[PDB]
Amino acid sequence: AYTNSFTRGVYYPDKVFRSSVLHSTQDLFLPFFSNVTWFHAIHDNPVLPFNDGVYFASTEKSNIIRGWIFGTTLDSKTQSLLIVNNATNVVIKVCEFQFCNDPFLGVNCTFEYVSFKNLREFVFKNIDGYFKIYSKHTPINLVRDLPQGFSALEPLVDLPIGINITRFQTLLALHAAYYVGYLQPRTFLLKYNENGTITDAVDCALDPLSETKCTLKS
Amino acid sequence: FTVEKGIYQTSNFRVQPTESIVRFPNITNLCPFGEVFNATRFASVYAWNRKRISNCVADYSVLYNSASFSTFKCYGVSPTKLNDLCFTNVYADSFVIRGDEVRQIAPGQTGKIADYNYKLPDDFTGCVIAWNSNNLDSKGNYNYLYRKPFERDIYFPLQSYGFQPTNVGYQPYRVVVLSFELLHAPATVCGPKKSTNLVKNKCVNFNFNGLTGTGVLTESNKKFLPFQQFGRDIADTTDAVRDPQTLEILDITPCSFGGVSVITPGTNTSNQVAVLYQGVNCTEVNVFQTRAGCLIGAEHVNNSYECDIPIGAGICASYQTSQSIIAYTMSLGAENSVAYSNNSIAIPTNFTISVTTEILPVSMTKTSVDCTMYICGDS
Amino acid sequence: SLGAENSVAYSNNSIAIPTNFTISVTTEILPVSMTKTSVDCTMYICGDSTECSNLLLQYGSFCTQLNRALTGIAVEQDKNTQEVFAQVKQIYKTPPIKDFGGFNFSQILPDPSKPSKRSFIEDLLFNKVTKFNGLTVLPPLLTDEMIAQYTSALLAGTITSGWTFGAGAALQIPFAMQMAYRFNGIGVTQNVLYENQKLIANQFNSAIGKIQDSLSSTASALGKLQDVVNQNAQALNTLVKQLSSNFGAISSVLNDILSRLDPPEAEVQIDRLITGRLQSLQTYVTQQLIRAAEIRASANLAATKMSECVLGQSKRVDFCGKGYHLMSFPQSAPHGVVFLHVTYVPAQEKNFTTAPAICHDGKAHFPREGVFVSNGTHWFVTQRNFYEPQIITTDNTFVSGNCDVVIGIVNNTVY
Amino acid sequence: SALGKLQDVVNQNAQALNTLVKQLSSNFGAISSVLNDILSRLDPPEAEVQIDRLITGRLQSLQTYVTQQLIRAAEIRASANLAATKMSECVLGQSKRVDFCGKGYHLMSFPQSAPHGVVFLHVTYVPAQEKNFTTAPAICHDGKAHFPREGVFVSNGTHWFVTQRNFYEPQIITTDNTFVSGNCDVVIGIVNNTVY
Amino acid sequence: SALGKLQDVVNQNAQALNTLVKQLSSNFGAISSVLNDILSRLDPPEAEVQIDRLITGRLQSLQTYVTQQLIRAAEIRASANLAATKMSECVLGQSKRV
Ligand SMILES: *[C@@H]1O[C@H](CO)[C@@H](O[C@@H]2O[C@H](CO)[C@@H](O[C@@H]3O[C@H](CO)[C@@H](O)[C@H](O)[C@@H]3O)[C@H](O)[C@H]2NC(C)=O)[C@H](O)[C@H]1NC(C)=O
Ligand SMILES: *[C@@H]1O[C@H](CO)[C@@H](O[C@@H]2O[C@H](CO)[C@@H](O)[C@H](O)[C@H]2NC(C)=O)[C@H](O)[C@H]1NC(C)=O
Ligand SMILES: *[C@@H]1O[C@H](CO)[C@@H](O[C@@H]2O[C@H](CO)[C@@H](O)[C@H](O)[C@H]2NC(C)=O)[C@H](O)[C@H]1NC(C)=O
Ligand SMILES: *[C@@H]1O[C@H](CO)[C@@H](O[C@@H]2O[C@H](CO)[C@@H](O)[C@H](O)[C@H]2NC(C)=O)[C@H](O)[C@H]1NC(C)=O
Ligand SMILES: *[C@@H]1O[C@H](CO)[C@@H](O[C@@H]2O[C@H](CO)[C@@H](O)[C@H](O)[C@H]2NC(C)=O)[C@H](O)[C@H]1NC(C)=O
Ligand SMILES: *[C@@H]1O[C@H](CO)[C@@H](O[C@@H]2O[C@H](CO)[C@@H](O)[C@H](O)[C@H]2NC(C)=O)[C@H](O)[C@H]1NC(C)=O
Ligand SMILES: *[C@@H]1O[C@H](CO)[C@@H](O[C@@H]2O[C@H](CO)[C@@H](O)[C@H](O)[C@H]2NC(C)=O)[C@H](O)[C@H]1NC(C)=O
Ligand SMILES: *[C@@H]1O[C@H](CO)[C@@H](O[C@@H]2O[C@H](CO)[C@@H](O)[C@H](O)[C@H]2NC(C)=O)[C@H](O)[C@H]1NC(C)=O
Ligand SMILES: *[C@@H]1O[C@H](CO)[C@@H](O)[C@H](O)[C@H]1NC(C)=O
Ligand SMILES: *[C@@H]1O[C@H](CO)[C@@H](O)[C@H](O)[C@H]1NC(C)=O
Ligand SMILES: *[C@@H]1O[C@H](CO)[C@@H](O)[C@H](O)[C@H]1NC(C)=O
Ligand SMILES: *[C@@H]1O[C@H](CO)[C@@H](O)[C@H](O)[C@H]1NC(C)=O
Ligand SMILES: *[C@@H]1O[C@H](CO)[C@@H](O)[C@H](O)[C@H]1NC(C)=O
Ligand SMILES: *[C@@H]1O[C@H](CO)[C@@H](O)[C@H](O)[C@H]1NC(C)=O
Ligand SMILES: *[C@@H]1O[C@H](CO)[C@@H](O)[C@H](O)[C@H]1NC(C)=O
Ligand SMILES: *[C@@H]1O[C@H](CO)[C@@H](O)[C@H](O)[C@H]1NC(C)=O
Ligand SMILES: *[C@@H]1O[C@H](CO)[C@@H](O)[C@H](O)[C@H]1NC(C)=O
Ligand SMILES: *[C@@H]1O[C@H](CO)[C@@H](O)[C@H](O)[C@H]1NC(C)=O
Ligand SMILES: *[C@@H]1O[C@H](CO)[C@@H](O)[C@H](O)[C@H]1NC(C)=O
Ligand SMILES: *[C@@H]1O[C@H](CO)[C@@H](O)[C@H](O)[C@H]1NC(C)=O
Ligand SMILES: *[C@@H]1O[C@H](CO)[C@@H](O)[C@H](O)[C@H]1NC(C)=O
C-alpha cells in the first residue's frame, strides 16, 4: 500500500538556534506529498533497503513496534546495529547478532549503551560512518493515514557505528501500522518563528510555486 | 598641514575589551592516548582500528614535544594550537605500514596505499604521527599485510610484509592518525585550558569551547533547545551562546563602535576642534548628545542660525562668539506671514535689474592611461 | 491591446469645441534621496584582527577610496534634498482665516494637532512606505519635520501669492483672482472662472478627496520610493551575507582561522578571505555609485519640477500631469516628494462648422482670438478651449486683404 | 569660492590620478612592489608568482579607476547637457521656465567661458516696492460685468483703476481696458463703478 | 551615417558580448582555458587550483561586463527620458523652448 507524506518528516538540520528567519538548508528531507510505503501489523517486516537515507513514521496505540536493526546481511556475518526499546530502557548494540530467519520479539562487540493516538516520527542516516537519529512525538486522533499538519523533529543521539547499512528492519512485539519514507538531498525553506520553532517549510523542488518561494526567500 | 573648514571623518571608535573570559566543560577525565600510542599490538593497514575518544581532556603538548615520533604532521590545524581549541570527538587510527609509504598518508595523495587500503580525505583536519618500530616489530614478522576515504577492506590482492631488523626505507613504522571534526556541536574533548569566572554587561574576550570572540554578554530570553549550543546571526557570527558549565543562554552583543568625525573651522581661523562620535551614546566615550551621535567640544546654543557645518538630524556647528564652537538646530529661514485677504492685492511700484552668476562644469581633463605600461612597464 | 481604437471625425470644415471642463488633480511621485550608509574597511573585512589588518595594508588605498566614495554619496543625498526642498527663502504661513474662495486645502495644509506638523496626505504617504559589521547608517541633515516645514512654506506661499513669491517678494492676491490668472495662462478667459467658481472649487475639492481615498486604499502608489528602499536594504543584505562565504578558505570565520593555524598558513587563508571580501565591497560600492547617479537624476528632475510647476505655471506639455497645467502642490514623502498637479481638462465637446475667415464687403476678416463657428444657421466667434459664442464684430476680428486668397472663406456680416 | 563647481571636478580628477599612481607602490602580497627588483632577484618560476600577484593588484587598481572615471564622466556629461540646454534656451532666447535662468523674471543671459566650464550671467527682472491695494474680480456698470482685458482692478481707497500685473500703472477703467461678459449676479466679489 | 546614434548602440552591445565571449578563451594563468581538458588531465587536488584560476578570471570578466552594461543602461535611460520629454512637449504640443 502507498500513500502521501503530506507535510511531515521535517527536522532541525543542525543544532544552531535561529529565530524569525527563513533558512534554506540542503539536507536529507522527505519530499512533500511523497509516496511512502504502508505496512500492516494486523491479522510485516520485509527487506527494506536503506539507500542514502531513511525516514520512519510509526502510529502507535500499544507500543507493538519497539526496535530497529541495521546492516547488510543480518546473519552475524557482519557488524549490525541493533536498537531495542523495552519497558523504560533503550538498549543499543552494534555487534554480530545471529538473527532468526524471521526476527521478532515475543510478548566481537564494539559498542553498547543502555539508557492510533501517538506518532513517533524518526530519521535515520549514515554520514561518513556517523549514524544520526532525529525524533519527535505528537498526539493525534486518527488511524487511517498521516494527519495533515506541520511539526518539527529534534535530534537525540549520534552513534558513530561506521557500519555499512544497505538494509534495515523493524521489531514487532507479537502477543500497529508503520510507515517507511525516504530522504533525498533536497533544499528546504525553513521558517523559524520568534521562539526558534519551525512553523512552516517549503520544498524547493516540489512545484514551480515552491521554486519561486525559495528563490524569493519568502 | 592646513585643513579647511568642515567636518572630516578621520578614525573609528571601538570600545576595547577589559578582560578575557575562558569557559570550558569542567571534566577532569584524561584522554586515553597511552593505550593508543603505547599499545602492545597494532593492527594491519587493511584492518586499521578506529579508537573512539570523547568526554576527556586531551593534552597534545606531551605528544608534540615527545622525541620518540619520527614525524609529526598536522594538516588542518597547528600542533601548537591544539590545547587551546577543542573538538567534539577525536579519532585515532593506528596501523603499521611500509617505511617509504609515510608520504602516501597525506591529503591529496595517490598510490598503492592511498587508493586501496587507506585513503585520507582532501578535506582532512587532523595530525598524523609516525615512528619506526624496528626494535618492536621487526623479527621475520609476517603478521602485517595489505590489500572512499576512511574505508576498511576486510590471484589474491593480498600480500604480506616481512619485517626484519637488518632491513631504513623497508623498515616498519608505527603510525597513529588523529582525525578531528569542527562541526558546531557540543564539544566533549577539550585541551587542558583552565576555565575562568564569567562577567556580564562588559566588553570582554569570551572563549566558549574554542569559540573566540569579543562582545558584551548579557542575560537572554531566547529559548535554546537542549541540543542547541550556539545561536548565529545572518552574517554567520555567533549571536547567542549557551554556557558549557551552567546551562544558561547569554546574548552576545558586539562592543560599541562608530566613526569619529572632527568638526573644525579652518586652521587659518582657529585651532579649536569639536569631536563627533557617530551613532554612540554619551556614556561609552561640554558634552552634547545628538541623534547623529555624541558631540564633544561644541557648546549647545538655544538660538538657531543658518547651517554652517552639517552634523546631522538638523544639528549644525559653527565657530562664533571669546569665540568657540557652538552646536545648534539650524534655522530654515525667516518667518513671514503673507497679509492675505480676499480683496487685497500687492502690486510692485518699482523694480530692480539683477544679474546673477550660474556656473556649470562642461568637460574634464582628457587623461589616457597606457594599460600595459602601467601594469608591466618595460617588462 | 494597445488601447481603444478611435477614428477622429476629421473634415476640412468641422471643429470640436468643449462646452465644459473638469478640474483634475493627479499625483506624481519622485525619489529624491536614499539611505546614507557608511562602511568601515577594517571592521567589515578584517574585524578586530590585527593580523588581517596588517595583511590588508598590502593592498594600499582601495578601501579608503571606497570610504571616500561612500562619503561622497552620503553628502550628495543631503545636497539632493536641499536642492529639491529649500527652494523658498522664507517660511511662509497661511492666515488663520482660510478664505480661499471655496477652495479647501485642508487636507494638504499642516495639521497643528500632530506633534509633527504634517498634512493628512503627508501622514498617509509616511504610513505607506516602510548592521554590526562596520555598516552604519547616517541620519539625514534635514529632519522630516524640516522637510514638512519646507513643503508647508512652499504651499502657503503658492496659495497666498501665486508665482510672485517664486519670482521675488511674496505679493498677496485673492485665490479666485490667482486662479483667474491661471485660466488666462491656458487660453481661457477669466470670466469663465468668475462664472464657474463654485463648480470649479467643488471639482477641486472632489479631486483632493479622491486623492485621499486613493492614497488610503492603494498601497502600490508609492512603488517608486519603495523600490529604492528595497534596493538599498537588499544590497546591504547581500553585502552582509557575503561575509559567510569561504572564498576558498578553510573557514569563513576569521577568529576560527586565527585560533587554528600557525601564522604562515593563517596568512594564506586570511588572504583568500581578504580578496573575497574586498571584491564584495568594491561591487557594493560600484552599485551604490550607479544607484546614487540615478537618484541624483531623479532629484534634479524633482527640483526642476518644483521650480517650474509649484513656483510657477508651466506651458510644457505633460510636464505637470495630463491636461493644461494650472498649479501644483508639493507633499513630502519618505526619501521623496509627491506633486499634486492641478490641470484643466476639457469635458464636453460639440461639433461645429468652422471657417478660416469671413467675407463682409470684399474684405477678409480673421478672428483676433478664437475661431469662427456656426450652429447651422448663424456664425459666431468663440475662444479655442471653451464654447462661448459671440457676435462677429469689428472688435472681435481684424481685416487683411480681400476674399480671393483665403481657401475656405465664407460669406457673413460683421456687425 | 565661486568657482567651486569647477575646482571640485579638477580636484577629483587629480586625486583619482594620484591614487592610481600611489597604487603602484603596493606589494599586493609580493616580495616587493618593484617589478625590476622582482625580476633581477628571482628565477622565472618564482618571478612568475610574484609578478602575477602584482599584475592582479594593478589590474584591479586600473579597473577601479576606470569605473570611477566612467561614472564621473557620465555626471560631467549630464552637466554639459544642462549647460547646452541653458545656452540654447536662455542665451539664444528668452525663457519662460521658472528659475531655469536665475531668480526672477528672465530677460536675457550672457555666456562667459571658464576653464572646463561655462558661466552664465542671468539678467532678470525683480519687482522691488509693492503697495497694498483693494481689488475686485469685476466691476458693475449698467447691470453688466466688466473684466480687465489685461491686468487687474485696484482701488487707492476711493477711486478704481486698472493696472498691469507687475507694475503699478493706474489707468481710468474704460470700455477699451475691459470686456463685458454676463451680468452682475454671478461673479463673487463684484463691485460698482463707472466704466468710461 | 544619419543613424549613427543607433548604430553606435548596436555596435557597442555587440562588441561587449563579443568581448565577454572571447574572455572564455583566456588561460588567466591556468595550464589551459578548457575546463574539460583540465579535468581530464589532473587529479582533483590540482584541478581545483586550475579551476579556481579560471573561475576568478571568468567571474572578473562577468563583473566587468555587468558594470559596463549598467553604465550604458544609465546613459540609454537618460536618452530615453529625453526622447519621452521631446515626444510629450514637441509632438503633443508646440514648444517655446529654443
Ligand atoms: C526705483 O528704484 C530706483 C533704484 O533701484 C530708484 O532710483 C534711485 O533714486 C534715488 C532717489 O532719487 C537715488 O538716490 C540719489 O542718488 C544720487 C546719486 O547722484 C544722490 O546724489 C542723491 O542724493 C540721492 O541719494 C538713487 O541714486 C537712484 N538709483 C539709481 C540706480 O538710479 C528710483 O527712484 C525708484 N523709483 C520709484 C518711483 O520709487
Ligand atoms: C475641508 O475638508 C474637510 C474634510 O474633507 C472638512 O472637514 C469635514 O467637515 C465635515 C462637516 O463639518 C465633518 O463632518 C467631517 O468630519 C470633517 N472632516 C475632517 C477630516 O475634518 C472641512 O469642513 C472642509 N473645509 C471647509 C471650509 O468646509
Ligand atoms: C459641467 O460639468 C459639471 C460636472 O463636472 C456639471 O455639474 C454637475 O451638474 C449636474 C446636473 O446639474 C449635477 O447633478 C452635479 O452635481 C454637478 N456636479 C458638480 C461637481 O457640480 C455641470 O452642470 C456641467 N455644465 C454644463 C453646462 O453642462
Ligand atoms: C443659432 O444661434 C442663433 C443665435 O442664438 C439662433 O437664433 C436665435 O434663435 C432664438 C430661438 O431659437 C430666437 O429667439 C432669436 O431671436 C434668434 N436670434 C436671431 C439673431 O435670429 C439660431 O436659432 C440658432 N440655430 C440653430 C440651428 O440652433
Ligand atoms: C460670397 O458673396 C459674394 C458677393 O456677395 C459672391 O460673389 C459673387 O460670385 C458670383 C459667382 O458665383 C458672381 O456671379 C457675382 O457677380 C459675385 N458677386 C460679387 C458682388 O462679386 C461669392 O460667390 C459668395 N461666395 C459664396 C461661396 O457663395
Ligand atoms: C485716488 O486717485 C484719484 C485719481 O488720481 C484721486 O482723485 C484726484 O485727486 C486729485 C488731488 O486730490 C484731484 O486734483 C483730482 O481732481 C482727483 N480726481 C478725481 C477724478 O476725483 C484721489 O484723491 C486718490 N485718493 C487717494 C486716497 O489717494
Ligand atoms: C471677504 O471676506 C469677508 C469676511 O472676512 C466678507 O465679508 C462678509 O460679507 C458678507 C456678504 O458677502 C456679509 O454677510 C458678512 O457680514 C461679511 N462679514 C464681515 C466680517 O465683514 C466679504 O464679503 C468677502 N469678500 C469677497 C469678495 O469674498
Ligand atoms: C451696486 O448697485 C446695485 C444697484 O444698481 C445694488 O443693488 C441694490 O442693492 C440695494 C441694497 O441691497 C437693494 O435695496 C436694491 O434693490 C438693489 N438693486 C438692484 C437692482 O439689485 C448693489 O447692492 C450695488 N453693489 C454694492 C456692492 O453696493
Ligand atoms: C505515487 O503512487 C501513485 C499510485 O499509488 C502513482 O500514480 C504516482 O505516480 C506515484 N508518484 C510518485 C512520485 O511516485
Ligand atoms: C530489555 O532487553 C534487554 C536486552 O538487551 C534485557 O537485558 C532487559 O532485561 C530487558 N528489560 C529491561 C527492563 O531492560
Ligand atoms: C572476530 O573478528 C576476528 C577478526 O580476525 C575473526 O577472526 C573472528 O572470527 C571474529 N569472531 C566472530 C565471533 O565473529
Ligand atoms: C555494503 O554492502 C553491500 C551489500 O553487500 C555492498 O554491495 C556494498 O559494496 C557495501 N559497501 C558500501 C555500500 O560502501
Ligand atoms: C513562544 O513562547 C511563549 C511562551 O513560552 C508563548 O507565549 C508564545 O506564544 C511562543 N511563540 C511562538 C511563535 O511559538
Ligand atoms: C561544571 O561545573 C558545574 C558546577 O560548578 C556543574 O554543574 C557542571 O555540570 C560542570 N560541567 C561539566 C561539563 O563538568
Ligand atoms: C609512551 O611511553 C613513553 C615511555 O616509554 C613515553 O615517553 C610516552 O609519553 C608514552 N606515550 C603515551 C601516549 O603515553
Ligand atoms: C590665510 O593664511 C594666510 C597665510 O598663509 C594669510 O595671509 C591670510 O590672511 C589668511 N586668510 C584668512 C581669511 O585668515
Ligand atoms: C543613552 O542611555 C540613557 C540611559 O543610560 C538613555 O536614557 C538614553 O536614551 C540613551 N541615548 C542614546 C542616544 O542612546
Ligand atoms: C534654552 O532655554 C531654556 C529655557 O528657555 C533652558 O532651560 C535651556 O537650558 C536652554 N538651553 C541651552 C542649550 O541654553
Ligand atoms: C461629430 O460628428 C461625428 C460624425 O461621425 C461623430 O462621430 C462625433 O461623435 C460627433 N461629435 C460630437 C461631439 O458629437
Ligand atoms: C471641403 O471638402 C469638401 C468635400 O468633402 C469639398 O466639397 C469642399 O470644396 C472642401 N472645401 C475646402 C475649403 O477644402
Ligand atoms: C499690507 O498690509 C499688511 C497688514 O498686516 C502689512 O503687514 C503689509 O506690510 C502691507 N503691505 C505693504 C506693501 O505695505
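The sequence lines fix the lettering, A, B, ..., with proteins before strands; numbering per chain opens at 1. For ligands, and for the atoms within them, numbers begin at 1 and follow the listed sequence.
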Participant: Can you check whether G169(B)'s main-chain N or O pairs, donor with acceptor, with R98(B)'s side chain at less than 3.5 Å?
Facilitator: yes

Participant: Under a 3.5 Å threshold, I'd like every N/O contact between ligand 21 and protein atoms, with atom names and distance.
Facilitator:
from, atom 1, to, atom 2, distance (Å)
ligand 21, 2 (O), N132(D), ND2, 2.3
ligand 21, 11 (N), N132(D), OD1, 3.1
ligand 21, 11 (N), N132(D), ND2, 2.9

Participant: Using distance alone, with no hydrogens and no angle criterion, decide if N132(D) and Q172(C) have a side-chain donor and acceptor under 3.5 Å apart.
Facilitator: yes

Participant: Identify whether NZ of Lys or CZ of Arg in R52(B) sits under 6.0 Å from the centre of the six-membered ring of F111(A) and within 45° of that ring's axis.
Facilitator: no

Participant: Could you tell me whether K193(B) and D59(B) have a side-chain N and a carboxylate O separated by less than 4.0 Å?
Facilitator: no

Participant: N38(B) heavy atoms, cut-off 4.0 Å: which ligand 15 atoms fall inside?
Facilitator: 1 (C), 2 (O), 3 (C), 8 (C), 10 (C), 11 (N), 12 (C), 14 (O)

Participant: Excluding sequence neighbours, so at least two apart, what forms salt bridge (charged side-chain N to carboxylate O under 4.0 Å, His left out) with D262(C)?
Facilitator: none

Participant: With atoms numbered from 1 as shown, which atoms in ligand 15 lie under 4.0 angstrom from a non-hydrogen atom of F33(B)?
Facilitator: 13 (C)

Participant: Would you say the ring centroid of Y146(B) lies under 6.0 angstrom from that of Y118(B)?
Facilitator: no

Participant: Are the ring centres of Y91(B) and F150(B) closer than 6.0 Å?
Facilitator: no

